[PDB]
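1. how does the following fold in three dimensions:
(5 chains, ligands or ions: 7)
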Amino acid sequence: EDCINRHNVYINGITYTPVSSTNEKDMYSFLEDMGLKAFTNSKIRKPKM
Amino acid sequence: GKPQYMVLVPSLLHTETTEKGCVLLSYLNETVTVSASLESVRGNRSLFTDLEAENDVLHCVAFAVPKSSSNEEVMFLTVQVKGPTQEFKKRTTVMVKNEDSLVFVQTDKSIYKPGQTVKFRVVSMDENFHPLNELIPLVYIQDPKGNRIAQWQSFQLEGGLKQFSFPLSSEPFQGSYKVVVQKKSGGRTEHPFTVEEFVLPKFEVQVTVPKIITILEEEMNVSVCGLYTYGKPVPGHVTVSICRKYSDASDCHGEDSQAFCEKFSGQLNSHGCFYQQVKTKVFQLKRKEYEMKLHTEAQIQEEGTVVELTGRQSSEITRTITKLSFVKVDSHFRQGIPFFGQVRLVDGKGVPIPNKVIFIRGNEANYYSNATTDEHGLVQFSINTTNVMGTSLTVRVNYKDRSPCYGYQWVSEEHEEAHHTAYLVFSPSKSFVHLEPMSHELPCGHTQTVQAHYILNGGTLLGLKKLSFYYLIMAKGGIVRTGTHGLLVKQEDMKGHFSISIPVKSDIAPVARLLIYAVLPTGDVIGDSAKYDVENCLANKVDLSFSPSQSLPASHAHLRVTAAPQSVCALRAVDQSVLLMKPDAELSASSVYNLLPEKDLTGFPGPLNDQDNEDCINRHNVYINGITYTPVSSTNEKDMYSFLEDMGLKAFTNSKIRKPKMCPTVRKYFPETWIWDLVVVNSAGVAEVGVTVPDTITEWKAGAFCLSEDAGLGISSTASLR
Amino acid sequence: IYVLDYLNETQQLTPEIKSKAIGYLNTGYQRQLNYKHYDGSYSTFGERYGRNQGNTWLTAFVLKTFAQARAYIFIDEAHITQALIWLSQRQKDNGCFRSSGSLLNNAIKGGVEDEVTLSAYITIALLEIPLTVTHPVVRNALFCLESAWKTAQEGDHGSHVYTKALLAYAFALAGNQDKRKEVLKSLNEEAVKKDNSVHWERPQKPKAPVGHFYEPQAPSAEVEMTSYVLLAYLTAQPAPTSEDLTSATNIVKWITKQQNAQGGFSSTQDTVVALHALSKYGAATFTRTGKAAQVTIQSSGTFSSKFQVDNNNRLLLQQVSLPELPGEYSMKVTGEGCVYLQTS
Amino acid sequence: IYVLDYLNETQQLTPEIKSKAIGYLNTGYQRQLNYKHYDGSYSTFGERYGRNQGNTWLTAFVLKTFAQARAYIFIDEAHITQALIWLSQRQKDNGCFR
Amino acid sequence: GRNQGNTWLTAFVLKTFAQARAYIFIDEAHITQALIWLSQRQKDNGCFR
Ligand SMILES: *[C@@H]1O[C@H](CO)[C@@H](O[C@@H]2O[C@H](CO)[C@@H](O[C@@H]3O[C@H](CO[C@H]4O[C@H](CO)[C@@H](O)[C@H](O)[C@@H]4O)[C@@H](O)[C@H](O)[C@@H]3O)[C@H](O)[C@H]2NC(C)=O)[C@H](O)[C@H]1NC(C)=O
Ligand SMILES: *[C@@H]1O[C@H](CO)[C@@H](O[C@@H]2O[C@H](CO)[C@@H](O[C@@H]3O[C@H](CO[C@H]4O[C@H](CO)[C@@H](O)[C@H](O)[C@@H]4O)[C@@H](O)[C@H](O)[C@@H]3O)[C@H](O)[C@H]2NC(C)=O)[C@H](O)[C@H]1NC(C)=O
Ligand SMILES: *[C@@H]1O[C@H](CO)[C@@H](O[C@@H]2O[C@H](CO)[C@@H](O)[C@H](O)[C@H]2NC(C)=O)[C@H](O)[C@H]1NC(C)=O
Ligand SMILES: *[C@@H]1O[C@H](CO)[C@@H](O[C@@H]2O[C@H](CO)[C@@H](O)[C@H](O)[C@H]2NC(C)=O)[C@H](O)[C@H]1NC(C)=O
Ligand SMILES: *[C@@H]1O[C@H](CO)[C@@H](O)[C@H](O)[C@H]1NC(C)=O
Ligand SMILES: *[C@@H]1O[C@H](CO)[C@@H](O)[C@H](O)[C@H]1NC(C)=O
Ligand SMILES: *[C@@H]1O[C@H](CO)[C@@H](O)[C@H](O)[C@H]1NC(C)=O
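-> Numbers count the residues shown, from 1 in each chain, chains lettered A, B, ... in the order given. Ligands and ions are numbered 1, 2, ... in the order given. Below is the structure:
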């Protein structure tokens, strides 16, 4: 679904840094680990799509 | 109020030349002593110059550097701030170099006839253009076969010059010769002249052809005349021709690109010329057809004299046709001040065309806005600053899209666009100083004033009203002038415009790199830098005033020369027939400025010198917690070091300048050269009483130059006598 | 280089080997030069499509051996000055040098990757290149090296004892005769004597200092250590005292015994300094012209024994007894060349 | 080699060029040695695959220039003797060399 | 497999696998598999992405 990781490639700070994925625990992951899906409005999933 | 110290020095320090370097001891914590020490990479060679520093004053100091046997040697320069409380020091590599003098040779003539004595004079000056009594080891005349025919060894120039003479043989080699001067360093300054048998011409062949002509053309106007003295024309049966060379494919036994051309014929009118228009349709000037040559043949009547003149063979049929270009646009913008940029329209013979629509494009802030060319084909505009770093700005006009069949294939006639990519500066405390750009040839002997805009929104921090702004101007690879300005601010004071004066003196050579910068107690530096093209001028103002205008084979003619109060001036007067024959080798102000080494210093001496590592904080963080962690690479953001690097001077400092990323009587005779001589000017000018020449069938064109210890050298405007 | 150097000082040398050596020497120099960066640096790989960044230990190492190399075979001085300059660009007043060591394999050195141990190597290598103590890079390095001693001198927990050994030769080589003996007294006290043979070592099987770095380099620490300290003992500016060299001779007895069966030593950076330390001792001890060396050992009570040591004898353990119950003996040496007298 | 040789006999020479030269000289020697056969020969292809047979003019050429080169820098005498020997193996009394 | 199927190519395949299915018999799973993937890249507003 809507890929927001490939949206940004350039980024500020003191130096520019090109994108690469993350291995963390998002709310979605817990609901997935539970084995149930969720229809929602609020922020539940990590952006990396 | 966190203190700071700063010292600026050029990255290329000329040995045996007074090289200026400035110091800024900014905060009043105590009385301190600054001291730069230059020393060798290997060996015990060592120096020290103590610099007398005062608090919040930009005190300057110069110094001559000792000679090195190696043409270019790299050495260690370390500055040291010694004080009871704080003791700071920093090192970098600098390159020393023995930049030799700029010398030249003037010859009595461009061409010689055999048996005729050649007279030349050699002269030497420094980067500051003033007579330099150098010791030249060698000067010699090389014939066309390459044999050195005459030479003058180890000699010193008395008034920054020396005149010479070589008698040519009765049976010399017909061709081109050249006098050469090998300096002590080796730097061979060459200068030619031809030798051949010839009958001088009495009359010129004035050919008039459009300097440049449009590809889309039906016909064109062209004319040819013939005069000699006081503009008295001569009648003759002219036979002009107008041809072209498609692709200089080198003959192939069928003419060197001798491609189709309409020749012409006619008689010249007295009190006039022969005029003609020619249809260009015959030439086609399309399908890999490049340029044109225009021969003449004013076969002078009442004589059997056929003097041709292959004049104006620079009549171009350029590939471009509809064009535009920038004029005054900033290359440095900031997210907190909408940038401004001017553009101009040009086509064919640089014709500016008003009242025609343009199409600006900005892939960033989406400034896709049209406008129309005002009088003198021009459009100024500004855009809103709210996006990423690199901002690309292109400007398209009239018809960008069109169908010229294929791109490469058989013929292209592109209509060039104009484009630019400005980058932002790294703002430390959201504060910045912008310099209003005025790129255009600045006239010397006329002061200019530059506008400076300042943003200090919480840039004060300490909140003290008094804030010092400093500026420096550079040229010829060294700092020339220095100054300051004291802007007295509020606690927060972001809006304001203020300008600084600048006299265009001429000690600033063609390049004029100007910087400005602030010194905040937050330990930050904010500034800007810009380049201004200066017109090529001499300091010794001289003018040749030939007094008895025209005359006739007379005696005593008053020829005057105004110059510096005390100066040696080399005069040269010759028949404008030998000058008509082969034009003398260009000797103007522009000729001398090109002779100068280090016309501009931009960037450190990169091939020799390199250094960009003193704090690898780049790889400390392998990544940073973005909404999804991402690893680092590199950057192109502009900062302060970059402006000092672009200037070509490095800086020893304590405050934040570089971005932390530091890891990646019904008788006739005697005509050739009338007067080859020199004179000394009294306090004003000097009048030379030259006895007039008798075979004065033509005008006598004559020029000169001067040397003064104070006002450098000068060059006269070639004054004639009819 | 150091084998050619050692073979020459011992006097045992052959021209059929000198020639066979120079061939492997001149070739390796030119092959090494093939991995030099535009800035004068050197990298493990070379210059693989311009992407490679410099390792400050290999450059410094190259320079120390291009300083040595330069004595037998001719080296282009530009390569050393080019390197020296690049080393100064990686030089911070505080902490002397920066660790830019990007490599794959670390058996190549003995340094603890520490700014102290790295600067401690660059400072020897720089001093070893004949450079004055008044030089600006050595001025900002020596100052860092005094601060590194007074910080490592606070206690037993002071970067352990490896760092401590390099600080000796560096000082000795620099000329702080006073600070040299100050670090040398606290190392001599921290030494481990044995059967007439002294040495230096880390904690045998650690147990207490735990937290491994890649793999164990301890067999190479102990070899390098002693030989670094032997150089510090031999390196006195006027000349080493009889008290310096007699203590140095004991260190020699250990290293010479502790040798790799096939030839050389455990690592490589420990084989290099062993041979350099041996040859530098060998220069001080041996003599070329004064072949005669007479010795006389008598007693208060009519005892008399004397020997002639020289090029035909040195390779031989000349022994004598005659046991008189209350010893009152006088050892008298004459002529030239040294003799070691061990009484048991 | 022959430029270094000529510059020296004319007397017009510089140490900043002698050094710049020796670098391109010692490198090229070692790079050329990389195409030497086990038998002392030299082929345009070199060792690669181990199926190449010595170029009779290339070997002789190498030797003529390794004789010269040997004066300015230091080329291992074994390489010349190795070559000389292989040149003799392809030497027929009649018709001298093939 | 370093790719993400293009929405037009998939849709095209499906339109022609619908047609194709009339003369030559096709595996219905391939169409349903595609149809499902097309629904995953469907936003209420702006229909398809
Ligand atoms: C390698 O083996 C070489 C022999 O194959 C050794 O060469 C010998 O080197 C010594 C000196 O290094 C020469 O001795 C002579 O010494 C006198 C006086 O000494 C002066 O120089 C020393 C420093 O060297 C200094 O301390 C004194 O104050 C003196 O100023 C000179 O007058 C002579 O000219 C000469 O140099 C031997 O002649 C020389 N050859 C032989 C055959 O012994 C070399 O030392 C060994 N080491 C290395 C690293 O190469
Ligand atoms: C070419 O390269 C050389 C090496 O790079 C340059 O240096 C020269 O090096 C050689 C030694 O390798 C010097 O040799 C000279 O030998 C003579 C010996 O006497 C002979 O000549 C005299 C007459 O002059 C004659 O009477 C005798 O019978 C001998 O046959 C000595 O007298 C010299 O002092 C010197 O040692 C070269 O002379 C030296 N060059 C110079 C200019 O010193 C060399 O310069 C390069 N170019 C040339 C032209 O050789
Ligand atoms: C003026 O000098 C004093 C010392 O006389 C400076 O004090 C130092 O400040 C830094 C932090 O900025 C401390 O880490 C140091 O320990 C301080 N002492 C010394 C002796 O350096 C002070 O920075 C200066 N400026 C002001 C406005 O006080
Ligand atoms: C240049 O830009 C202006 C404003 O963006 C355009 O102006 C409009 O033009 C139409 C007719 O083409 C008018 O009906 C409107 O009144 C104009 N104003 C606005 C704000 O829309 C203009 O068309 C552009 N020029 C060209 C050549 O397209
Ligand atoms: C460095 O030492 C030498 C002695 O070898 C001396 O002659 C020279 O003058 C010294 N240099 C300076 C600048 O003091
Ligand atoms: C060319 O000649 C025509 C003659 O009518 C004239 O109108 C035109 O101005 C001429 N071109 C120029 C550049 O003067
Ligand atoms: C940007 O500045 C321009 C000034 O011409 C103004 O017209 C525009 O409304 C501004 N827009 C924003 C987003 O600030």
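
2. ok, residue 5 - contacts?
-> Because you didn't say which chain, this covers chain A. Taking C-beta atoms under 8 Å, 6 or more residues apart in numbering or on different chains, we find residue A:5 in contact with A:19, A:21, A:47, A:48, A:49, B:628. (Each C-beta comes from the backbone N, C-alpha and C, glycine too.)

3. should've been chain C
-> Residue C:5 touches C:68, C:71, C:72, C:275, C:276, C:279, counting by C-beta under 8 Å, 6+ apart.

4. right, and the helix or strand after the helix or strand hosting residue C:32?
-> For residue C:32, the host element (DSSP states H and E) is helix C:15-33. For helix C:15-33, the succeeding helix or strand toward the C-terminus, using DSSP H and E, is helix C:56-69.

5. between that next one and helix C:15-33, how big is the angle?
-> 150 degrees (axes from the mean of the first three to the mean of the last three C-alpha atoms, to 10 degrees).

6. mind checking the SS state of residue C:274?
-> helix (DSSP: H, G, I helix; E, B strand; the rest coil).

7. and for it, nearest residue in space, chain neighbours not counted?
-> Counting by C-beta to C-beta, 6 or more residues apart in numbering or on different chains, residue C:227 is the residue found nearest to residue C:274 once chain neighbours are left out, at 4.6 Å.

8. packing partners of the helix or strand harbouring the one you found?
-> Using DSSP H and E, the element containing residue C:227 is helix C:218-234. Using 3 or more C-beta pairs under 8 Å, 6 or more residues apart in numbering or on different chains; DSSP states H and E, the elements in contact with helix C:218-234 are helix C:162-174, helix C:177-188, helix C:242-257, helix C:269-285.

9. so which of those helices gets nearest ligand 3?
-> helix C:177-188 (26.3 Å; C-beta to the nearest ligand atom).

10. got the angle for the closest one vs helix C:162-174?
-> Using the same axes, to 10 degrees: helix C:177-188 against helix C:162-174 is 150 degrees.

11. stretch C:175-195: which residues count as buried?
-> C:176, C:179, C:180, C:181, C:183, C:184, C:187, C:188, C:191 (16 or more other C-beta atoms under 10 Å in any protein chain shown).

12. got a list of contacts for it?
-> C:133, C:146, C:149, C:153, C:161, C:164-165, C:167-168, C:171-172, C:198-201, C:229, C:232-233, C:236-237, C:247, C:250, C:254.

13. give me the distance between the two termini of that stretch.
-> 32 Å (C-alpha to C-alpha, to the nearest Å).

14. then stretch A:4-14?
-> 23 Å.

15. name the residues of that stretch that are buried.
-> The neighbour-count check on stretch A:4-14 (16+ other C-beta under 10 Å) flags A:5, A:14 as buried.

16. how far away from the center of its chain is it?
-> Stretch A:4-14 has its C-alpha centroid displaced from the chain centroid by 13 Å (C-alpha atoms, centre = their mean, to the nearest Å).

17. swap in stretch C:245-260?
-> Using C-alpha atoms, centre = their mean, the offset of stretch C:245-260 from its chain centre is 12 Å.

18. do stretch C:38-45 as well
-> The answer for stretch C:38-45 is 26 Å, by C-alpha atoms, centre = their mean.

19. which non-adjacent residue is nearest residue C:144?
-> residue C:96 is the one closest to residue C:144 (C-beta to C-beta, 6+ apart), at 3.4 Å.

20. separation between that neighbour and residue B:317?
-> 68 Å (C-beta to C-beta, to the nearest Å).

21. with residue C:265 instead?
-> From residue C:265 to residue B:317 the distance is 80 Å (C-beta to C-beta).

22. list the buried residues in stretch C:146-163.
-> C:148, C:149, C:152, C:161, C:162, C:163.

23. just name the closest of those to ligand 7, please.
-> Using C-beta to the nearest ligand atom, those come closest to ligand 7 at residue C:148, 56.8 Å.

24. hang on, the earlier thing: how about the helix holding residue C:32, which residues are buried there?
-> C:21, C:23, C:26, C:29, C:30, C:32, C:33.

25. restricting to C-alpha, output that helix in CSV.
-> Output of helix C:15-33 as CSV, limited to C-alpha atoms (Å, rounded to 0.1, in the frame of the first residue of the first chain):
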residue,chain,number,x,y,z
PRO,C,15,77.8,-11.5,-1.1
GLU,C,16,75.7,-14.4,-2.6
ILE,C,17,73.0,-13.6,0.0
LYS,C,18,73.4,-9.7,-0.2
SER,C,19,72.6,-10.0,-3.9
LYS,C,20,69.7,-12.5,-3.3
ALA,C,21,68.4,-10.1,-0.7
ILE,C,22,68.6,-6.8,-2.7
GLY,C,23,66.5,-8.5,-5.4
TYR,C,24,63.6,-9.3,-2.9
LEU,C,25,64.2,-5.7,-1.5
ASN,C,26,64.1,-3.6,-4.6
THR,C,27,61.2,-5.6,-6.0
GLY,C,28,59.1,-5.2,-2.8
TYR,C,29,59.7,-1.4,-2.7
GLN,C,30,58.4,-1.0,-6.2
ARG,C,31,55.5,-3.4,-5.6
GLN,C,32,54.7,-1.5,-2.4
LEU,C,33,54.8,1.9,-4.2
